[PDB]
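J.: This is the structure I want to talk about, given as structure tokens.
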Amino acid sequence: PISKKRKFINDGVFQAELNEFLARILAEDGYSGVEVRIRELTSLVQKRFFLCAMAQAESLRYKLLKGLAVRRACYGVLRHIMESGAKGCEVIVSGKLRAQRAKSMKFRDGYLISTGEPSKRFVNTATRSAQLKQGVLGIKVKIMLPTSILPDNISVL
Amino acid sequence: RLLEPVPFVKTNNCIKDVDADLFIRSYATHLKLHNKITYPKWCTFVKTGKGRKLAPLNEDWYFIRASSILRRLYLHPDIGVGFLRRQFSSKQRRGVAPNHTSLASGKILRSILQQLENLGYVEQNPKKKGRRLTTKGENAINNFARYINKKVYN
Amino acid sequence: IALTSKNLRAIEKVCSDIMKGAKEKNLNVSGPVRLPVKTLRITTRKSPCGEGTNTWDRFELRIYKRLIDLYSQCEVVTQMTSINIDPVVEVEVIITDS
Amino acid sequence: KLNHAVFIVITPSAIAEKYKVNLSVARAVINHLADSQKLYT
Amino acid sequence: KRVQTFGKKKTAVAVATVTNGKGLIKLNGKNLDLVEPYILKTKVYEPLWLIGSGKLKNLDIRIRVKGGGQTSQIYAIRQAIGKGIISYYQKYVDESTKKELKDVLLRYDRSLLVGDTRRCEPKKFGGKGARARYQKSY
Amino acid sequence: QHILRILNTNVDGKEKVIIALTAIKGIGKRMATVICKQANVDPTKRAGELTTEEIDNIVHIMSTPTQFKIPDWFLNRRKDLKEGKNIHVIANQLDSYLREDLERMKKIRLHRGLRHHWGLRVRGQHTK
Amino acid sequence: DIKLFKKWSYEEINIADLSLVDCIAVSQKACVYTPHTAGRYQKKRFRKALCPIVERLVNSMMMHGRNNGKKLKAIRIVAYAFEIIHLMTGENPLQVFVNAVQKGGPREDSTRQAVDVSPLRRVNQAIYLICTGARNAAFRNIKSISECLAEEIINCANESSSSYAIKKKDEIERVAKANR
Amino acid sequence: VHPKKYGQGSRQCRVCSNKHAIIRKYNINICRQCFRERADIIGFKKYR
Amino acid sequence: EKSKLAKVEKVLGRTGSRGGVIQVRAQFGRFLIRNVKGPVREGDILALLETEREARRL
Amino acid sequence: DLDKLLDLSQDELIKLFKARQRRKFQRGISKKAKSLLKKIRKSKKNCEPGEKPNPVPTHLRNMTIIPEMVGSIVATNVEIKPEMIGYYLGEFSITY
RNA sequence: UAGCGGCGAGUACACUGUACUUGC
RNA sequence: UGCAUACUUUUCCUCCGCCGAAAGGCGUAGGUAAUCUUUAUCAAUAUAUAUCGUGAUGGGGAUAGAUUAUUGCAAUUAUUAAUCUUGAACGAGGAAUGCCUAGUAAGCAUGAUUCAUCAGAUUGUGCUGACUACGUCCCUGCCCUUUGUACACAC
């Protein structure tokens with residue numbers, strides 16, 4: 001018998017716990033859904049308790065971390081993102097970039113809106129980080145899903 | 001100066017038909033005349049509430065407050081110490097700290113309620129937890145209200 | 001039968017199913033009960049370090065809660081609810097007689 | 001620095017300026033004559 | 001027979017109910033005279049002078065007010081009584097009078113029938129008052 | 001009538017009787033109020049017709065009001081820890097026993113006593 | 001029919017300056033029993049003048065120090081001032097105040113050379129200057145606020161030297177004539 | 001150890017493990033620092 | 001002292017050091033230029049100090 | 001004077017003291033303070049009356065002064081007197 | 001879990017409903 | 001009095017009935033909450049009547065003294081707190097300074113946050129609804145076209 005507001009709080013808390021656990025484990029694939037291989041996860045969780053934008057960001061983190069060139073890696077990942085079906089994409093990389101002078105660079109294409117309630121409701125966002133030889137690399141990817149129709153669109157047949 | 005043309009038909013069947021201030025002062029006069037309650041000998045050395053912090057300077061405060069308490073007792077037929085405090089609440093100056101209110105002292109209200117219980121205007125029942133007027137008090141003060149109405153009407 | 005969620009589309013669809021099921025099963029059912037919405041708020045400030053202007057943003061939790069009542073069988077009602085609900089909702093049961 | 005006393009249009013301020021008195025003693029005189037502020041008689 | 005109407009202005013709200021009678025109008029238990037301000041009493045009386053007491057001599061307008069300030073409650077009850085008398089003329093007592101009724105009401109002012117939506121403004125940060133910015137010390 | 005002089009100035013001729021009684025001592029108004037109540041002097045009058053009998057009644061009330069109902073807690077300077085018990089000791093002698101307690105706290109010579117000797121408030125005036 | 005404080009229907013009004021009647025905008029639609037009209041004042045440019053002149057005065061009055069917005073005292077004080085003026089002077093206080101506003105407001109001011117005063121600005125200037133006199137009188141001068149209002153209003157009506165409004169009007173016109 | 005079950009040392013945020021900036025409204029008991037970025041996933045939404 | 005009555009037929013332009021002047025074709029001898037302060041609408045009535053004083057149109 | 005203080009018991013002692021010390025002595029005395037009192041009584045019974053006694057090692061600033069432990073100083077030489085009993089210890093760095 | 005009522009039993013006045021209590 | 005141990009459930013606000021000026025203390029109604037605090041009503045500006053009637057006054061409360069109760073193992077560097085005593089400026093503020101266009105200025109308050117105890121802080125909420133433009137770049141800071149630069153870590 002816990003109050004309903006604190007039960008919502010517990011709901012959100014466990015949502016965060018499961019989100020971080022999924023982030024930790026789901027590193028050898030994309031997202032095959034969640035469950036409300038499997039045996040160890042279910043046992044650990046029970047003992048404790050009682051197009052894919054995030055997958056593409058994880059794949060780009062993998063490609064950067066395993067030792068491939070930044071430019072070719074981003075070019076190929078852009079090719080895959082475009083072939084997936086999204087209207088546009090954006091990838092931003094922050095880190096050493098093979099120098100002691102920090103530098104950054106965006107990969108934009110298409111409409112690629114970034115501000116507002118419709119923009120947040122439409123465009124999926126993701127961000128990952130990894131260790132490096134002399135610091136940490138941040139990889140942030142925004143991918144817009146194809147468009148209910150976008151409010152600005154007007155076409156009459 | 002005080003009467004105003006009331007252009008709609010009156011009923012005048014209870015004290016809610018008559019004003020609070022004139023009723024409380026008039027029945028304070030009635031109470032002082034009839035000597036139903038004592039002074040009491042203990043009221044006169046203490047302020048009615050800490051936030052007032054200063055002497056009453058009226059010499060009739062016990063009886064006037066008692067009449068107002070009877071008014072409130074009918075107005076809300078289930079009230080007690082908390083209601084009396086929050087009806088008689090006043091601000092307080094806490095020194096260099098800013099203005100902030102507080103409820104008055106409770107023992108004067110307790111003594112007035114005790115004396116009313118002794119006189120048999122108010123009764124205590126588990127149902128309707130707050131204090132309520134008895135049937136005797138109801139009829140007596142309804143006739144008193146119509147008495148005041150006809151007195152100050154024509 | 002009380003219904004609680006954090007989004008209103010879920011309660012709309014679940015209650016629509018409940019009303020249509022009551023209509024089909026011809027039961028003695030109480031009418032829609034639309035509670036005043038209850039919101040939960042917290043005041044937060046950005047800038048995890050102490051350098052910068054003071055800006056503060058508020059958060060909202062409009063939790064939706066409805067009540068209904070039916071004359072039916074507990075097993076059949078819980079069965080159709082379990083069939084046609086998503087666990088993002090919480091439902092509790094209380095029954096009528098007349 | 002007040003200089004008035006009680007020892008010697010009924011409005012308090014006018015009476016006070018008339019006899020050169022304060023408003024408290026002015027209202028005392030008003031009561032003693034007719035027999036906080038309010039509409040004129 | 002019986003109708004019920006509403007009135008909303010500022011924070012206070014009022015609910016009115018017109019019934020057949022002899023002219024017994026009540027704001028809860030107390031009169032419209034004892035509420036203290038003769039000032040607001042004048043505005044309360046304005047509908048009575050702009051309609052007439054002879055036609056009210058046959059109707060009892062049950063009224064309740066709960067919340068808001070004194071001025072807000074006065075305006076709320078004025079709006080409620082305006083709408084209630086409009087509806088009861090529309091319904092029961094006499095119909096051809098209501099056109100001239102609303103004519104006089106609207107000519108004298110448009111506030112009586114429907115009240116303003118001027119209510120509180122949500123507070124912003126940066127100062128104590130909503131439209132005040134924290135004092136800047138260069 | 002006006003201008004009657006006592007141990008403390010009572011120039012309060014025009015001034016009302018209660019404020020005249022408070023102005024001489026107990027400027028907190030309230031032990032003066034309780035003395036006024038115990039001596040039972042009416043408020044409707046002014047201070048221009050105050051009697052020497054009334055003055056004697058004031059001073060008799062003031063001389064150890066403990067025999068009167070005036071509560072121990074309502075008594076100024078309740079305990080003043082010692083073998084005996086103290087009382088409001090009227091203006092000049094009140095300042096004299098203020099000096100008495102002050103020199104006792106000097107020979108106490110603690111943080112707050114030396115802070116005052118160095119010229120500061122007790123809780124911390126916060127000159128920082 | 002409608003009367004101010006059940007007393008004043010103001011069946012007569014002086015012709016004024018042929019604009020002051022329109023600016024004060026006192027009319028059957030603007031007749032009110034008492035002060036404190038909470039109606040809209042800020043719609044158009046003329047919505048400032050559309051407010052009754054009595055309402056302008058009473059709403060201007062209460063501004064000094066702690067007195068911010070004490071409009072209940074504004075209403076009581078102005079009502080008692082109407083009664084005081086009616087008593088000490090046999091002329092209708094309404095027409096007395098109308099004469100005060102027709103003779104008190106300055107007509108030409110100087111900012112850079114001089115500029116004329118738009119008639120709504122003249123109404124507002126007269127109200128503001130009578131208010132300045134009232135606040136000077138109520139800043140620690142023994143007498144009551146309603147009595148001070150009686151003095152100021154009667155003197156601004158009769159062009160008496162005891163009127164701060166008339167004194168400052170003479171100041172303003174003298175400056176304007178000496179400059180432009 | 002000399003522990004007490006009140007005050008700052010009685011509880012710490014579940015994630016940051018720091019006795020600083022601890023909010024207890026509706027029993028969340030999570031540091032605001034992490035709460036700011038945890039608002040979306042937990043369910044907290046900013047509207048006005 | 002005295003004035004001369006005038007009407008407003010139009011509001012010409014707002015100018016001055018800080019927009020505190022409004023040129024007006026006000027009224028004594030039909031055509032007369034004036035400068036006014038504050039809100040003047042279409043259909044106002046104003047006063048004039050001297051009949052034969054002229055402003056400077058901008 | 002001091003004979004009654006030294007003979008009379010602890011509840012009347014707190015009655016003598018302010019309600020602050022009443023609350024403190026009712027709610028807590030503790031092993032630290034009881035061992036301190038035993039140490040102080042032994043030190044005062046052994047040290048000669050012709051010389052003032054020695055301070056208390058393992059110093060503390062929250063030990064209430066009780067007449068049943070006369071003579072002690074701290075290790076700032078103010079002696080705890082019957083006018084000192086209710087002020088607790090203090091006696092720390094205040095150097096100007 | 002809010003109210004609008006209807007009358008079921010009323011407390012006092014009006015007169016050819018009301019201030020206040022109880023339930024469906 | 002202490003340690004070791006078995007049970008009710010103390011661990012939220014609290015109405016009420018009592019004890020206590022109060023502080024606070026004692027027993028219990030209710031509620032995991034439009035159902036109990038409380039909300040057919042919790043503050044203050046007021047409003048109306050009485051004391052006072054502009055005199056650094058009785059305004060003002062810096063100053064400190066005696067303590068009562070709780071909070072906390074711990075309050076001494078007098079946390080908080082109820083009483084009683086204590087009487088600093090202040091005649092409305094030089095040169096400068098901030099903010100502001102309508103339920104808003106301004107005033108009056110009040111909720112919550114950190115909480116064993118503590119708002120003078122921060123964030124919401126409400127009451128009293130005003131004087132005034134509805135424009136100008138003259139000041140300050142920015143945007144623009146042109147121009148002149150010996151300035152490019154960029155007057």
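Following the order of the structure tokens, first chain is A, next is B, and so on, with residues numbered from 1 inside each chain and ligands from 1 in the order they appear.
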Would you mind writing down, as a PyMOL selection string, each residue of chain G that DSSP on the backbone assigns to helix (DSSP H, G or I)?

T.: chain G and resi 20-24+47-50+53-61+65-67+71-88+93-104+119-138+145-157+164-179

J.: Do you know which residues are at most 9 Å from residue G:151 counting only C-alpha atoms (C1' of nucleotides), after dropping those on the same chain fewer than 4 positions away, and could you put them as a PyMOL selection string?

T.: chain G and resi 85+146-147+155-156+162-163

J.: Write out the residues from the selection above, keeping N, CA, C and O atoms, as a compact mmCIF listing (two decimals), in the first residue's frame.

T.:
```txt
# COMPACT_ATOMS: atom_id res chain seq x y z
N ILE G 85 -18.31 69.56 0.88
CA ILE G 85 -18.44 70.69 -0.03
C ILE G 85 -19.89 71.13 -0.12
O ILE G 85 -20.19 72.33 -0.08
N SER G 146 -10.53 64.55 3.64
CA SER G 146 -11.75 65.02 2.99
C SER G 146 -11.87 66.54 3.07
O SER G 146 -12.29 67.19 2.10
N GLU G 147 -11.52 67.13 4.22
CA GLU G 147 -11.57 68.58 4.34
C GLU G 147 -10.55 69.25 3.43
O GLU G 147 -10.83 70.29 2.82
N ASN G 155 -11.38 75.83 -4.11
CA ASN G 155 -10.47 76.88 -4.55
C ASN G 155 -10.12 76.75 -6.03
O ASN G 155 -9.96 77.77 -6.71
N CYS G 156 -10.01 75.52 -6.54
CA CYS G 156 -9.78 75.35 -7.97
C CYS G 156 -11.03 75.67 -8.78
O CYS G 156 -10.93 76.05 -9.95
N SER G 162 -5.74 79.71 -2.78
CA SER G 162 -5.48 78.52 -1.98
C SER G 162 -5.45 77.25 -2.81
O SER G 162 -5.31 76.16 -2.24
N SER G 163 -5.57 77.36 -4.13
CA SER G 163 -5.60 76.20 -5.02
C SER G 163 -4.21 75.96 -5.59
O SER G 163 -3.71 76.76 -6.39
```

J.: Would you mind reading off the distance between atom CA of residue B:50 and atom CA of residue B:116, one decimal, in Å?

T.: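 About the pair atom CA of residue B:50 and atom CA of residue B:116: they are 24.1 Å apart.
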
J.: Compile the contact shell of residue H:22 as a list in words: residues with an atom at most 7 Å away, counting only C-alpha atoms (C1' of nucleotides), same-chain residues fewer than 3 positions apart removed.

T.: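 Those residues are residues 12, 13, 19, 29, 30, 31 and 32 of chain H.
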
J.: Using N, CA, C and O atoms, can you export the residues from the last selection as a short mmCIF file (atom, residue, chain, number, x, y, z; two decimals), in the first residue's frame?

T.:
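Produced file part.cif, reproduced below:
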```cif
data_model
loop_
_atom_site.label_atom_id
_atom_site.label_comp_id
_atom_site.auth_asym_id
_atom_site.auth_seq_id
_atom_site.Cartn_x
_atom_site.Cartn_y
_atom_site.Cartn_z
N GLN H 12 21.49 9.64 1.19
CA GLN H 12 22.16 10.23 0.04
C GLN H 12 21.43 9.80 -1.22
O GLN H 12 20.70 8.81 -1.24
N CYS H 13 21.63 10.58 -2.28
CA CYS H 13 20.99 10.28 -3.56
C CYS H 13 21.39 8.90 -4.04
O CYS H 13 22.55 8.49 -3.91
N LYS H 19 25.99 13.62 -0.57
CA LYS H 19 25.07 14.23 0.38
C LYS H 19 24.70 15.66 0.02
O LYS H 19 24.16 16.37 0.87
N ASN H 29 14.14 11.44 -3.79
CA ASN H 29 15.45 11.28 -3.15
C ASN H 29 16.55 11.01 -4.18
O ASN H 29 17.40 10.14 -4.00
N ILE H 30 16.52 11.79 -5.26
CA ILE H 30 17.53 11.72 -6.31
C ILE H 30 18.12 13.11 -6.49
O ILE H 30 17.40 14.11 -6.45
N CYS H 31 19.45 13.17 -6.66
CA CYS H 31 20.11 14.45 -6.85
C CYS H 31 19.56 15.16 -8.07
O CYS H 31 19.33 14.55 -9.12
N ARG H 32 19.32 16.47 -7.92
CA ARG H 32 18.80 17.26 -9.03
C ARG H 32 19.73 17.20 -10.24
O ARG H 32 19.27 17.30 -11.38
#
```

J.: Between L:125, L:132, L:97, L:57, which residue has the minimum interatomic distance to chain D, considering only C-alpha atoms (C1' of nucleotides)?

T.: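 Using only C-alpha atoms (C1' of nucleotides), the shortest distance to chain D belongs to L:57.
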
J.: I need the chain L residues near chain I as a count of residues only; criterion: at most 7 Å, counting only C-alpha atoms (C1' of nucleotides).

T.: 3

J.: Between A:1, A:56, A:11, A:134, single out the one closest to chain C, counting only C-alpha atoms.

T.: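 Using only C-alpha atoms, chain C sits closest to A:11.
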
J.: Dump as a list in words the residues of chain L that approach chain B to within 8 Å, counting only C-alpha atoms (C1' of nucleotides).

T.: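 Within 8 Å of chain B on chain L, we get residues 15, 16, 21, 22, 42, 43, 44, 51, 61 and 120 of chain L.
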
J.: Please produce an output containing N, CA, C and O atoms (P, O5', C5', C4', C3', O3' and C1' of nucleotides) for each residue in the selection, written as a PDB file, in the first residue's frame.

T.:
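The resulting again_1.pdb:
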```
ATOM      1  P     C L  15      -5.113  20.892  14.537  1.00  0.00           P
ATOM      2  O5'   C L  15      -6.694  20.935  14.721  1.00  0.00           O
ATOM      3  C5'   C L  15      -7.539  21.294  13.640  1.00  0.00           C
ATOM      4  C4'   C L  15      -8.816  20.493  13.645  1.00  0.00           C
ATOM      5  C3'   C L  15      -9.556  20.431  14.970  1.00  0.00           C
ATOM      6  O3'   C L  15     -10.336  21.587  15.222  1.00  0.00           O
ATOM      7  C1'   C L  15      -9.426  18.263  14.037  1.00  0.00           C
ATOM      8  P     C L  16     -10.360  22.242  16.689  1.00  0.00           P
ATOM      9  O5'   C L  16     -10.955  21.092  17.617  1.00  0.00           O
ATOM     10  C5'   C L  16     -12.294  20.648  17.453  1.00  0.00           C
ATOM     11  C4'   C L  16     -12.558  19.370  18.207  1.00  0.00           C
ATOM     12  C3'   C L  16     -12.341  19.418  19.710  1.00  0.00           C
ATOM     13  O3'   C L  16     -13.420  20.016  20.408  1.00  0.00           O
ATOM     14  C1'   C L  16     -11.363  17.453  18.835  1.00  0.00           C
ATOM     15  P     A L  21      -1.373  28.994  32.610  1.00  0.00           P
ATOM     16  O5'   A L  21      -1.412  29.641  31.151  1.00  0.00           O
ATOM     17  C5'   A L  21      -2.596  30.263  30.671  1.00  0.00           C
ATOM     18  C4'   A L  21      -2.318  31.297  29.604  1.00  0.00           C
ATOM     19  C3'   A L  21      -1.682  30.798  28.316  1.00  0.00           C
ATOM     20  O3'   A L  21      -2.626  30.230  27.427  1.00  0.00           O
ATOM     21  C1'   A L  21      -0.645  32.818  29.018  1.00  0.00           C
ATOM     22  P     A L  22      -2.462  28.711  26.942  1.00  0.00           P
ATOM     23  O5'   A L  22      -1.277  28.760  25.874  1.00  0.00           O
ATOM     24  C5'   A L  22      -1.399  29.483  24.656  1.00  0.00           C
ATOM     25  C4'   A L  22      -0.079  30.099  24.265  1.00  0.00           C
ATOM     26  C3'   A L  22       1.017  29.121  23.864  1.00  0.00           C
ATOM     27  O3'   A L  22       0.988  28.850  22.473  1.00  0.00           O
ATOM     28  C1'   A L  22       1.840  30.624  25.506  1.00  0.00           C
ATOM     29  P     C L  42     -11.341  29.078   6.368  1.00  0.00           P
ATOM     30  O5'   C L  42     -10.490  29.591   7.611  1.00  0.00           O
ATOM     31  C5'   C L  42      -9.605  28.718   8.294  1.00  0.00           C
ATOM     32  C4'   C L  42      -8.160  28.965   7.927  1.00  0.00           C
ATOM     33  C3'   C L  42      -7.820  30.310   7.303  1.00  0.00           C
ATOM     34  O3'   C L  42      -7.748  31.364   8.245  1.00  0.00           O
ATOM     35  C1'   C L  42      -6.685  28.575   6.152  1.00  0.00           C
ATOM     36  P     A L  43      -7.892  32.888   7.755  1.00  0.00           P
ATOM     37  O5'   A L  43      -6.438  33.271   7.221  1.00  0.00           O
ATOM     38  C5'   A L  43      -5.306  33.243   8.080  1.00  0.00           C
ATOM     39  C4'   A L  43      -4.209  34.151   7.580  1.00  0.00           C
ATOM     40  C3'   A L  43      -4.540  35.636   7.558  1.00  0.00           C
ATOM     41  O3'   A L  43      -4.299  36.245   8.816  1.00  0.00           O
ATOM     42  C1'   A L  43      -3.558  34.993   5.490  1.00  0.00           C
ATOM     43  P     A L  44      -5.130  37.537   9.281  1.00  0.00           P
ATOM     44  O5'   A L  44      -4.596  38.703   8.337  1.00  0.00           O
ATOM     45  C5'   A L  44      -3.307  39.264   8.534  1.00  0.00           C
ATOM     46  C4'   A L  44      -2.889  40.118   7.364  1.00  0.00           C
ATOM     47  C3'   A L  44      -3.821  41.262   7.002  1.00  0.00           C
ATOM     48  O3'   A L  44      -3.652  42.403   7.819  1.00  0.00           O
ATOM     49  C1'   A L  44      -3.232  40.092   5.047  1.00  0.00           C
ATOM     50  P     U L  51     -13.068  56.876  21.892  1.00  0.00           P
ATOM     51  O5'   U L  51     -11.634  56.270  22.225  1.00  0.00           O
ATOM     52  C5'   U L  51     -11.436  55.451  23.366  1.00  0.00           C
ATOM     53  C4'   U L  51      -9.970  55.213  23.610  1.00  0.00           C
ATOM     54  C3'   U L  51      -9.052  56.350  23.198  1.00  0.00           C
ATOM     55  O3'   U L  51      -9.001  57.399  24.145  1.00  0.00           O
ATOM     56  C1'   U L  51      -8.191  54.328  22.363  1.00  0.00           C
ATOM     57  P     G L  61       8.605  48.560  15.544  1.00  0.00           P
ATOM     58  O5'   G L  61       9.636  47.376  15.796  1.00  0.00           O
ATOM     59  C5'   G L  61      10.759  47.218  14.938  1.00  0.00           C
ATOM     60  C4'   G L  61      12.033  47.674  15.601  1.00  0.00           C
ATOM     61  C3'   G L  61      12.552  46.744  16.699  1.00  0.00           C
ATOM     62  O3'   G L  61      13.976  46.687  16.679  1.00  0.00           O
ATOM     63  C1'   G L  61      12.193  48.904  17.585  1.00  0.00           C
ATOM     64  P     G L 120      11.985  34.895   7.578  1.00  0.00           P
ATOM     65  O5'   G L 120      11.986  36.424   7.134  1.00  0.00           O
ATOM     66  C5'   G L 120      11.789  36.788   5.771  1.00  0.00           C
ATOM     67  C4'   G L 120      12.944  37.597   5.231  1.00  0.00           C
ATOM     68  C3'   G L 120      13.908  36.830   4.326  1.00  0.00           C
ATOM     69  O3'   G L 120      14.408  37.700   3.308  1.00  0.00           O
ATOM     70  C1'   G L 120      15.082  37.669   6.199  1.00  0.00           C
TER      71        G L 120
END
```
